[PDB]
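Structure record follows, encoded as structure tokens.
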Amino acid sequence: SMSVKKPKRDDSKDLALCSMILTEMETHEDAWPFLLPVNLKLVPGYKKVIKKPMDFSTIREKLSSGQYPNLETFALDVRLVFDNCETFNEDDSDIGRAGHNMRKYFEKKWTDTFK
């Protein structure tokens with residue numbers, strides 16, 4: 001509260017560390033469904049159903065231009081990518097399975113790096 005603060009958690013490396021995690025996600029062999037925005041002209045249903053599209057290239061641009069106020073807003077966009085994938089894709093599809101694998105991969109890096 002006013003003039004009463006918890007001790008300062010060192011956040012000065014968060015930008016660099018989110019950038020490393022994002023690099024690792026970009027280079028994973030199962031990243032291919034997520035590298036670029038889904039083409040809203042060519043994928044029937046996507047525009048109406050997926051209210052907030054997100055992809056790795058869009059996160060990378062946001063990260064590079066100061067559009068994440070903190071490391072939690074970065075994690076929310078990464079999870080958005082996988083939540084969107086689960087909304088649109090069957091679990092038993094190549095893309096469905098890719099999204100499960102990537103979410104697992106991310107959440108381990110996240111815990112190991114920050115928790």
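Residues are referred to by chain and number: the chain letter is A, B, ... according to the order shown in the structure tokens, the number counts from 1 in that chain, and ligands are numbered separately from 1 in the order shown.
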Q) Can you tell me, as a list in words, what residues are no more than 10 Å from stretch 57-63 of chain A when counting only C-alpha atoms, ignoring any on the same chain fewer than 2 positions away? A)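 That gives residues 15, 16, 18, 19, 22, 23, 26, 34, 35, 36, 37, 53, 54, 55, 65, 66, 67, 68, 69, 74, 75, 77, 78 and 81 of chain A.
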Those residues with N, CA and C atoms, as a compact mmCIF listing (two decimals), in the first residue's frame please?
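out27.txt, freshly written:
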# COMPACT_ATOMS: atom_id res chain seq x y z
N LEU A 15 13.44 -8.99 -20.57
CA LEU A 15 13.40 -8.79 -22.06
C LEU A 15 14.33 -9.75 -22.82
N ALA A 16 15.59 -9.82 -22.41
CA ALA A 16 16.53 -10.78 -22.96
C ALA A 16 16.13 -12.22 -22.80
N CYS A 18 12.96 -13.43 -22.30
CA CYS A 18 11.77 -13.72 -23.18
C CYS A 18 12.20 -13.89 -24.67
N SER A 19 13.16 -13.04 -25.11
CA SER A 19 13.70 -13.12 -26.48
C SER A 19 14.39 -14.49 -26.73
N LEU A 22 11.64 -17.18 -27.00
CA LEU A 22 10.90 -16.97 -28.26
C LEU A 22 11.77 -17.56 -29.38
N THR A 23 13.11 -17.32 -29.34
CA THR A 23 14.06 -17.93 -30.35
C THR A 23 13.99 -19.42 -30.35
N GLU A 26 10.73 -20.40 -31.97
CA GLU A 26 10.84 -20.16 -33.42
C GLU A 26 11.60 -21.28 -34.20
N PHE A 34 2.76 -21.92 -36.58
CA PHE A 34 2.70 -20.74 -35.67
C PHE A 34 3.62 -19.59 -36.06
N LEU A 35 4.43 -19.77 -37.10
CA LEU A 35 5.46 -18.81 -37.46
C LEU A 35 4.91 -17.48 -37.99
N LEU A 36 3.77 -17.55 -38.67
CA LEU A 36 3.15 -16.41 -39.35
C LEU A 36 1.70 -16.35 -39.03
N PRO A 37 1.08 -15.18 -39.17
CA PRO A 37 -0.36 -15.11 -38.98
C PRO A 37 -1.14 -16.02 -39.94
N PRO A 53 -6.38 -13.38 -33.00
CA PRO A 53 -5.31 -14.18 -33.63
C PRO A 53 -3.95 -13.76 -33.07
N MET A 54 -3.07 -14.74 -32.94
CA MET A 54 -1.71 -14.46 -32.46
C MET A 54 -0.78 -15.52 -33.07
N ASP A 55 0.46 -15.12 -33.30
CA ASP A 55 1.48 -16.00 -33.93
C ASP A 55 2.87 -15.53 -33.45
N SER A 65 9.57 -3.95 -30.07
CA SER A 65 9.09 -2.58 -30.18
C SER A 65 8.46 -2.08 -28.88
N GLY A 66 8.78 -2.74 -27.75
CA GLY A 66 8.26 -2.28 -26.43
C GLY A 66 6.83 -2.32 -26.21
N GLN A 67 6.14 -3.30 -26.84
CA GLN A 67 4.72 -3.43 -26.66
C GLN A 67 4.26 -4.44 -25.53
N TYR A 68 5.22 -5.12 -24.94
CA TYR A 68 4.93 -5.90 -23.66
C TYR A 68 5.37 -5.09 -22.41
N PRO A 69 4.39 -4.73 -21.60
CA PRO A 69 4.77 -3.98 -20.39
C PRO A 69 5.51 -4.82 -19.40
N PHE A 74 3.71 -11.03 -22.03
CA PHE A 74 4.39 -11.82 -23.07
C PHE A 74 3.87 -13.26 -22.99
N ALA A 75 3.82 -13.83 -21.78
CA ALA A 75 3.34 -15.24 -21.63
C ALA A 75 1.88 -15.40 -22.08
N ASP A 77 0.32 -13.81 -24.49
CA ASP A 77 0.29 -13.91 -25.98
C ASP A 77 0.82 -15.25 -26.47
N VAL A 78 1.88 -15.79 -25.82
CA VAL A 78 2.36 -17.11 -26.23
C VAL A 78 1.21 -18.14 -26.02
N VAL A 81 -1.55 -18.17 -28.57
CA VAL A 81 -1.25 -18.94 -29.77
C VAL A 81 -1.75 -20.40 -29.63
Q: Run DSSP on the backbone of this structure and report the residues of stretch 25-78 of chain A it assigns to alpha helix (DSSP H), as a list in words.
A: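 Checking each residue of stretch 25-78 of chain A, the alpha helix (DSSP H) ones are residues 25, 26, 46, 47, 48, 49, 56, 57, 58, 59, 60, 61, 62, 63, 64, 71, 72, 73, 74, 75, 76, 77 and 78 of chain A.
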I'd like the contact shell of stretch 91-106 of chain A - 6 Å cut-off, only C-alpha atoms, skipping same-chain residues fewer than 2 positions apart - returned as a PDB file with C-alpha atoms, in the first residue's frame.
ATOM      1  CA  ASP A  30       6.891 -28.168 -34.768  1.00  0.00           C
ATOM      2  CA  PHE A  82      -1.865 -22.406 -28.308  1.00  0.00           C
ATOM      3  CA  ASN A  89      -7.831 -27.804 -34.676  1.00  0.00           C
ATOM      4  CA  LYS A 108       8.896 -25.938 -19.153  1.00  0.00           C
ATOM      5  CA  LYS A 109      11.181 -23.135 -20.430  1.00  0.00           C
TER       6      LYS A 109
END
(Q) Counting only C-alpha atoms, which residue out of A:31, A:85, A:76, A:21 sits closest to residue A:49? (A) A:85
Q.
Please list as a count of residues only every residue within 8 Å of residue A:46, counting only C-alpha atoms and excluding residues in the same chain fewer than 5 positions away.
A. 3
Q.
If we count only C-alpha atoms and set the cut-off at 10 Å, which residues sit around residue A:14, ignoring sequence neighbours fewer than 4 positions away in its own chain? Please answer as a count of residues only.
A. 8
Q) Counting only C-alpha atoms, what is within 9 Å of residue A:52, bar same-chain residues fewer than 3 positions away, as a PyMOL selection string? A) chain A and resi 47+80+84
I need the residues from that last selection saved to file as a compact mmCIF listing (two decimals), in the first residue's frame (with N, CA and C atoms), if you can.
# COMPACT_ATOMS: atom_id res chain seq x y z
N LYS A 47 -11.51 -16.11 -39.18
CA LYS A 47 -11.76 -14.73 -38.81
C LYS A 47 -12.89 -14.60 -37.80
N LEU A 80 -1.96 -17.63 -25.85
CA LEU A 80 -3.01 -17.30 -26.82
C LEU A 80 -2.80 -18.08 -28.11
N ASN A 84 -5.73 -20.64 -29.15
CA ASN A 84 -6.34 -20.52 -30.49
C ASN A 84 -6.22 -21.79 -31.32
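Across the structure, atom CA of residue A:50 and atom CA of residue A:24 are spaced 25.5 Å apart.
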